[PDB]
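Taking it in order: structure first as structure tokens, then the write-up.
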Amino acid sequence: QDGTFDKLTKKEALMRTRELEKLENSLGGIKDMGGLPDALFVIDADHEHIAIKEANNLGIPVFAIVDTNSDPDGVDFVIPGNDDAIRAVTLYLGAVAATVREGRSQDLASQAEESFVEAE
Amino acid sequence: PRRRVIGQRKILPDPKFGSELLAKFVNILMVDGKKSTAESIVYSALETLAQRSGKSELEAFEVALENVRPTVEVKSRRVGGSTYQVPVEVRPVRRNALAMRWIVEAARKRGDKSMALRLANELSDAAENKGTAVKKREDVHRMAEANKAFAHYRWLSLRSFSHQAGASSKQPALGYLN
Amino acid sequence: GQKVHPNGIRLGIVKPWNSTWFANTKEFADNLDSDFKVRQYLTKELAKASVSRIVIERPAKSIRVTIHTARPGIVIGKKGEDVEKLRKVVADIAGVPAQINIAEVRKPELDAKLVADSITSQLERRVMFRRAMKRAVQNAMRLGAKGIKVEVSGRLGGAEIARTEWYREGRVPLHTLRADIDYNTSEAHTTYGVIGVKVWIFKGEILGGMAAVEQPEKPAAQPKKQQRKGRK
Amino acid sequence: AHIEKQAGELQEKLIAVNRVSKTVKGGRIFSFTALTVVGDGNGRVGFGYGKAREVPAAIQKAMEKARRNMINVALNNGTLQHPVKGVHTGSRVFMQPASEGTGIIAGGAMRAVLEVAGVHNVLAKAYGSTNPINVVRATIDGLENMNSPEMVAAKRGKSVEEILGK
RNA sequence: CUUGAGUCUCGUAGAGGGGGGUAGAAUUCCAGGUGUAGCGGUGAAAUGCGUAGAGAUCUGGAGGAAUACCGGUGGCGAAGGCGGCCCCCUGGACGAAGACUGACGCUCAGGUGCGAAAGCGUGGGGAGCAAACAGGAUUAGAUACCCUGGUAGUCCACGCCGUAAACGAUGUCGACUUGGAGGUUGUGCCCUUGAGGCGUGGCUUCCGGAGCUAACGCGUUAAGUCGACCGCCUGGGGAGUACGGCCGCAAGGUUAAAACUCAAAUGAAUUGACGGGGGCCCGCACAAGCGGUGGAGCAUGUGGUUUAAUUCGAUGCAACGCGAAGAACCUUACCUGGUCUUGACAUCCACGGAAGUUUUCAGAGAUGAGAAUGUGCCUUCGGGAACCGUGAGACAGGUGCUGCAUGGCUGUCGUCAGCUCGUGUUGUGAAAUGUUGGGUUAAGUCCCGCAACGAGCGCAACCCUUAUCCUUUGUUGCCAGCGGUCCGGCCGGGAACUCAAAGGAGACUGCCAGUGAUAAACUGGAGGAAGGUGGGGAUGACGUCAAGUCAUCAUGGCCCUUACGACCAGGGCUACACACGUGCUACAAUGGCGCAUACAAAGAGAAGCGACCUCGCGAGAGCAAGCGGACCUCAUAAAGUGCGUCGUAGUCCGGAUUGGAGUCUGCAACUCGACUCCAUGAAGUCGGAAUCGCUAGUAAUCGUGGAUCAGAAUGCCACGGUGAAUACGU
RNA sequence: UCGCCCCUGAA
């Protein structure tokens with residue numbers, strides 16, 4: 001919002017426009033992250049088998065679905081679904097977007113209950 | 001290795017022809033980067049031609065030069081598949097250059113006073129192919145039409161031909177010429 | 001050679017000159033020699049303060065003894081007695097009278113020569129070599145600087161090999177024409193040989209010192225250019 | 001992993017230290033590499049390989065990475081509870097438990113690695129080519145791989161429950 | 001007893017083995033026909049073959065060897081190994097129901113058999129190819145690869161030798177342990193209603209999990225996990241050799257050492273580097289063009305050589321018109337001689353004298369000895385302070401020696417697009433990733449993807465300058481509108497204009513269309529002075545080359561101490577019979593010379609340049625204004641241009657050499673200054689092998705200025721004038 | 001496709 005006010009010429013301001021907007025495209029999704037995660041659902045093992053290694057060299061639990069070429073590692077609670085999200089996207093709509101998405105609906109109520117005991 | 005188009009030269013119209021083609025004929029007759037001393041000889045020799053021959057002012061050069069220019073120049077490159085140096089059919093622009101150059105070269109093979117009188121009489125004999133500057137043509141064009149093996153580099157090219165559909169005889173080369 | 005030392009216009013209109021004076025037709029030579037001579041004796045007889053850099057300004061009717069330090073409180077000493085003595089040296093050599101002038105106050109973690117001579121004197125007490133720069137760079141980067149790049153010639157341990165001890169930390173582009181590139185040298189003269197020192201502090205990064213803070217002149221925006229009048 | 005350098009009980013130590021080289025386009029560079037271990041005298045030991053242009057930062061970085069390659073070990077007495085005669089890499093590793101009243105008895109890596117790891121009455125041996133660097137793989141072959149009395153005891157206890165269940 | 005093993009039965013497929021028949025294609029020979037001057041080979045060639053008729057081509061006949069395709073990680077065998085077709089004799093494998101035998105098994109030193117190819121003996125056979133061999137070629141040589149021939153041999157029969165990277169570099173047997181896809185061959189099942197759908201065995205590839213391995217990888221057909229038995233190894237070279245034995249007809253094979261000698265030899269992998277390895281991309285790198293050099297002379301450096309010295313250093317490019325930006329003496333380190341010794345140059349200590357000033361002698365001066373004169377600054381009036389001479393030491397001085405003790409500086413690849421690092425992950429590690437790939441750019445440039453995420457240096461970036469247009473300021477600069485005129489920006493006037501030079505406007509793939517993943521970008525377009533890093537500078541990385549430089553300077557060690565230090569006069573650096581490097585000048589009419597004539601830019605300047613006027617053939621000298629300056633002067637720009645001539649001659653070209661006569665700058669121009677004048681008038685008629693530069697205001701060519709400089713530019717450095725050819729294409 | 005060898009050492 002200051003890239004047209006600290007850069008006042010076309011030879012600067014519009015050079016900055018190009019290079020910036022085509023970073024934020026995909027780096028956009030990782031700047032919405034909060035603190036350090038304590039949970040990490042995966043839906044794949046083609047390029048999300050990075051998770052089962054590094055987050056078990058650190059022990060932050062990976063919750064992995066059934067796989068066709070691998071075995072889950074970490075603290076795993078298997079769910080119907082397989083690796084490769086180019087053939088299981090429509091399946092995730094009412095499988096893991098209904099147990100791990102609703103994995104938060106359920107958690108919120110339980111979290112409230114726990115806080116009440118502490119308060120008293 | 002070569003990036004983008006070559007330069008183009010914009011040059012002036014002549015004050016006695018209006019041409020840039022016969023401005024390029026002053027350019028060939030320049031020495032020591034002086035257009036001044038060049039322009040002298042040009043007009044001196046134009047007149048010599050007009051008297052000694054019929055012709056016109058755009059035939060004293062033009063027609064005469066269209067009997068000195070070959071349509072094929074043989075260049076150089078070691079590769080040929082026979083260690084051959086390939087014929088190259090020259091573009092119409094490069095036609096000009098060859099004949100123009102040779103007529104001035106021919107006046108350094110002469111000693112017949114001035115330089116105007118030299119190239120003038122030469123150009124007068126060069127439109128009927130009885131000159132000595134038209135005999136330069138008869139070695140470039142003689143060679144080229146009597147011997148060919150084209151621009152293909154025969155061993156390298158043959159492998160490429162075979163892969164495409166199965167051939168050994170001449171065709172475009174699909175594979176590398178490297 | 002390996003480094004050709006680009007600094008010939010980094011101290012031009014990108015950062016101020018360190019000896020600004022003017023001279024006329026037959027004065028060129030004189031003014032040159034006289035200045036440099038004074039500085040030799042000057043810098044030598046002062047070592048009780050941490051010299052940022054001597055500079056002089058010569059109006060050519062006086063010369064200005066404008067030594068800069070990071071410790072002017074030792075330079076002044078008691079009264080004027082201190083600075084008096086030094087002022088005289090200048091007056092002698094240079095053909096003009098001389099006047100005392102300011103020495104800078106600010107943290108000593110600034111200026112290349114400040115960081116130079118400090119570690120050089122350390123080597124001449126035969127303590128630290130490699131380690132010398134490292135301490136002085138954790139200092140320099142803590143407060144001040146925007147990247148430092150030190151060079152020191154290895155000669156340590158009585159070893160008889162030509163070496164290059166090269167350590168940077170933070171960014172030093174050498175080709176920035178909109179930054180205050182500092183550069184000074186020192187040299188030790190130990191019994192281990194001679195150890196060259198080079199300190200390049202990238203104090204600016206987007207702000208000059210003579211590409212900023214100046215007054216140009218003209219465009220005065222008046223449609224009439226005055227002329228003499230009358231007719232004859 | 002997790003820290004093995006812990007205040008009031010840290011037991012910093014080093015193993016290897018040397019230089020290695022790569023041949024660059026110009027000349028050749030030197031990378032100051034080294035192995036370390038920090039103990040606690042109670043186990044929790046690891047290893048790291050730094051890369052630096054100086055010896056101090058070679059040991060810095062290697063002790064950073066030591067904490068990131070911590071292995072847990074738990075024992076009784078001043079000696080390991082189980083022999084491991086396993087071999088990792090081409091340096092051959094052997095390791096006996098031994099009664100108190102004897103030293104470490106080793107001049108290699110496993111002098112110092114078998115000190116920090118809470119043991120000092122262990123007797124160990126190695127065969128094959130001499131190379132301290134992979135004597136350090138007795139992290140794998142004795143500290144990581146182990147048996148303990150309550151491990152073996154729960155083999156004997158697991159079986160009983162199954163018979164009852166049927 | 002039957003699970004191991006084996007047999008029986010029934011089928012199944014196959015280049016399993018041995019033997020005997022048989023077909024055609026191809027090459028060759030021989031015969032006949034047709035046709036004529038070449039054939040063949042090669043990167044070029046040559047030997048060879050052809051008019052006595054070849055090559056090719058066609059017809060007939062004959063022989064030897066091998067079976068195109070088929071044909072495939074396809075198949076079979078114990079292995080070696082085994083390919084047209086057919087018959088005969090014969091072996092092995094596998095599956096299917098059952099049926100039977102009943103551990104009868106497994107392995108194995110010795111022993112025995114089987115053995116690719118070459119080889120050997122004996123007898124047959126002989127087309128092609130081919131050791132040998134013979135010409136030819138390539139090569140310095142070429143007993144070779146290459147070409148033309150060609151013998152043993154290859155082939156068949158029988159016997160012999162028994163080797164091979166005899167390989168899966170993997171002993172054999174049995175047993176287990178995730179799987180996926182393909183190939184191949186049996187057999188059961190399924191509307192077999194699908195050449196097939198689902199099984200289950202045998203064999204065979206590829207992939208890969210766990211595990212193993214040092215890694216590469218192996219990976220149910222193991223290098224995994226076990227057992228059984230046998231074989232072998234125990235550092236390399238010495239040596240699979242010697243010695244003995246054994247086997248063989250022999251060639252040799254087989255068994256198989258030691259002395260001696262060395263601190264490694266060796267395997268796998270990593271990064272870089274290199275490849276007449278590959279792929280990709282650029283640069284006057286080449287092609288295409290233009291201009292030189294090497295020939296010749298002169299200028300300049302160097303080597304060699306000589307000399308008393310030819311002071312020293314640099315060594316393809318990156319030394320050799322370089323350090324040296326001009327070497328008369330000096331410079332100058334070098335030589336020869338004169339001369340000095342805490343000193344020419346420093347501090348300090350002690351003494352005197354203030355330093356000096358003008359003059360004399362001797363000498364080559366260096367100096368040495370005088371003759372007169374000076375008494376500043378302070379004083380206690382002695383003494384000191386600057387300063388001078390002398391004395392004495394501690395010292396001083398050294399372009400004296402080590403650039404393999406060093407700093408500093410510089411060149412170099414290279415204006416290269418590369419070069420790293422933090423953090424994480426991967427690997428036992430070295431390291432890797434990133435930084436690679438898919439597009440793209442001048443660019444590690446940008447976009448996308450990918451265990452990488454970030455960041456630093458370099459590129460780019462921002463800085464100057466120039467291409468425009470605007471703004472100021474208008475004098476010494478400009479002159480339109482306005483007047484003088486002397487007609488000259490010469491004077492007033494006018495600041496408009498150019499100009500100066502400070503500050504802005506501007507260009508960014510910004511905009512238009514297409515192309516390009518809708519990404520970057522690329523190609524045309526528009527506007528503009530200019531488009532696509534606009535052009536030129538600065539910008540020359542981190543590094544490598546123990547590259548150079550102790551002689552610019554600095555400095556560790558070393559050495560010299562009535563000297564190697566220091567000072568002076570003379571000489572040598574410009575010798576010289578030569579060689580090499582870098583330049584310049586010619587070989588001419590696009591020119592020379594004579595006449596007249598056109599326009600410059602950028603610097604320089606009171607040890608200076610010097611108008612004017614006078615004289616001099618000239619160089620220049622005398623007289624003198626002006627100028628530290630958009631003032632004045634250097635300065636008259638020169639090529640060029642319009643005319644006069646000469647005519648292709650070594651000359652009207654060209655200019656070397658030397659002599660005489662003069663000039664200038666200096667104390668003085670003898671080796672060793674430059675300029676001029678007249679005379680003499682050179683070699684050269686346009687330069688081999690070879691080699692170098694350059695893609696545009698560049699090349700080319702023509703002048704001008706600057707620094708260094710008392711006084712020496714064909715050099716370096718800078719400034720303008722005129723002003724191209726060529727570029728298909730890599 | 002155009003044959004083509006040869007190169008003392010420690011940074």
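Here Cβ is always computed from backbone atoms with ideal geometry, including for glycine, and neighbour counts include all displayed protein chains. Derivation of every value follows stated rules applied to the coordinates shown; laboratory data play no part.
The sole residue among B:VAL79, B:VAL42, B:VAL90, B:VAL86 that is touching a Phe, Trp or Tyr at 6+ places or on another chain (Cβ under 9 Å) and more than 16 Å from RNA strand F (Cβ to nearest atom) is B:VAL42.
Checked across region A:35-43, the condition of being of a type in the set (D, E, K, R), surrounded by 13 or more Cβ atoms within 10 Å (Cβ to Cβ) and either more than 8 Å from RNA strand E (Cβ to nearest atom) or in contact (Cβ under 8 Å) with a residue 12 or more places away in the chain (or both) holds for no residue. Just one of (1) part of a loop (DSSP other than H, G, I, E, B); (2) hydrophobic (A, V, I, L, M, F, W, C); (3) more than 14 Å from RNA strand F (Cβ to nearest atom) fails for B:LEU177. It is (3). Taking region C:55-165 as the region of interest, the strands (runs of 3 or more DSSP E) fully inside it that hold 2 or more residues being farther than 25 Å from C:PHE36 by Cβ and away from RNA strand F (no atom under 16 Å from the Cβ) are C:148-152.
Applying the condition of being touching a strand residue (DSSP E or B) at 6+ places or on another chain (Cβ under 9 Å), basic (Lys, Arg) and within 14 Å of chain D (Cβ to nearest Cβ) to region C:128-148 and asking which residue is surrounded by the most Cβ atoms within 10 Å (Cβ to Cβ) yields C:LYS134. The C-beta contact set for region A:46-69 (first residue within 14 Å of chain D (Cβ to nearest Cβ), second residue surrounded by 12 or more Cβ atoms within 10 Å (Cβ to Cβ) and not in a loop (DSSP other than H, G, I, E, B), distance under 8 angstrom, 6+ apart or interchain) comprises A:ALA55/A:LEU40; A:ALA55/A:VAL62; A:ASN56/A:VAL62; A:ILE60/A:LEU40. Beta carbons closer than 6 Å, at least 6 apart along the sequence or on distinct chains, pair a first residue in region B:78-92 that is part of a loop (DSSP other than H, G, I, E, B) with a second that is away from RNA strand F (no atom under 16 Å from the Cβ) for B:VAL90/B:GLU73.
Counting just the residues of region D:12-47 that are outside any strand (DSSP E or B) and not small (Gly, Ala, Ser), which one comes out surrounded by the fewest Cβ atoms within 10 Å (Cβ to Cβ)? Only one residue fits best here, namely D:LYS25.
Quick one: which residue in C:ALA212, C:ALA220, C:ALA116, C:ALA162 is more than 22 Å from the chain's Cα centre (by Cα), among the aliphatic types (A, V, I, L, M) and away from every other protein chain (no Cβ under 14 Å)? Just a single option satisfies the conditions, and that option is C:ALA220. For region B:105-121, the count of residues that are among the hydroxyl-bearing types (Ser, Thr, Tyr), more than 9 Å from RNA strand E (Cβ to nearest atom) and either farther than 26 Å from B:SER40 by Cα or in a loop (DSSP other than H, G, I, E, B) (or both) is zero.
Exactly one residue out of C:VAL194, C:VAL199 is out of contact with any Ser or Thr (no Cβ under 6 Å at 6 or more places or on another chain), more than 7 Å from RNA strand E (Cβ to nearest atom), on the phi < 0 side of the Ramachandran plot and more than 14 Å from chain D (Cβ to nearest Cβ), and it is C:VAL199.
Of all residues in region B:116-141, those that are surrounded by 16 or more Cβ atoms within 10 Å (Cβ to Cβ) and farther than 21 Å from B:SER56 by Cα total 4. For the residues C:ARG125, C:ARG87, C:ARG53, the requirement of being crowded, with 16+ Cβ neighbours inside 10 Å and either more than 24 Å from C:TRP200 (Cα to Cα) or without any contact (Cβ under 8 Å) to a residue 12 or more places away in the chain (or both) singles out C:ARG87.
Let's see how each residue does on (1) within 14 Å of chain C (Cβ to nearest Cβ); (2) free of Cβ contacts under 8 Å to residues at least 24 places away in the same chain; (3) away from RNA strand F (no atom under 16 Å from the Cβ):
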residue: D:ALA16; (1), (2), (3): no, no, yes
residue: D:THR23; (1), (2), (3): no, yes, no
residue: D:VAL55; (1), (2), (3): yes, no, yes
residue: D:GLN60; (1), (2), (3): yes, yes, yes
residue: D:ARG68; (1), (2), (3): no, no, yes
residue: D:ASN72; (1), (2), (3): no, no, yes
residue: D:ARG92; (1), (2), (3): no, no, yes
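Would you mind stating whether B:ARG77 is loosely packed, with under 13 Cβ neighbours inside 10 Å, near RNA strand E (Cβ under 8 Å from one of its atoms) and within 21 Å of B:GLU145 (Cα to Cα)? Yes: the conditions hold for B:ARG77.
This table checks each residue for (1) more than 25 Å from B:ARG108 (Cβ to Cβ); (2) in contact with a helix residue (DSSP H, G or I) (Cβ under 8 Å, 6 or more places away or on another chain); (3) among the hydrophobic types (A, V, I, L, M, F, W, C); (4) surrounded by 15 or more Cβ atoms within 10 Å (Cβ to Cβ).
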residue: B:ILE6; (1), (2), (3), (4): yes, no, yes, no
residue: B:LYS34; (1), (2), (3), (4): no, no, no, no
residue: B:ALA38; (1), (2), (3), (4): no, yes, yes, yes
residue: B:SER44; (1), (2), (3), (4): no, yes, no, yes
residue: B:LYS55; (1), (2), (3), (4): no, yes, no, yes
residue: B:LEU58; (1), (2), (3), (4): yes, no, yes, no
residue: B:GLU62; (1), (2), (3), (4): no, no, no, yes
residue: B:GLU73; (1), (2), (3), (4): no, yes, no, yes
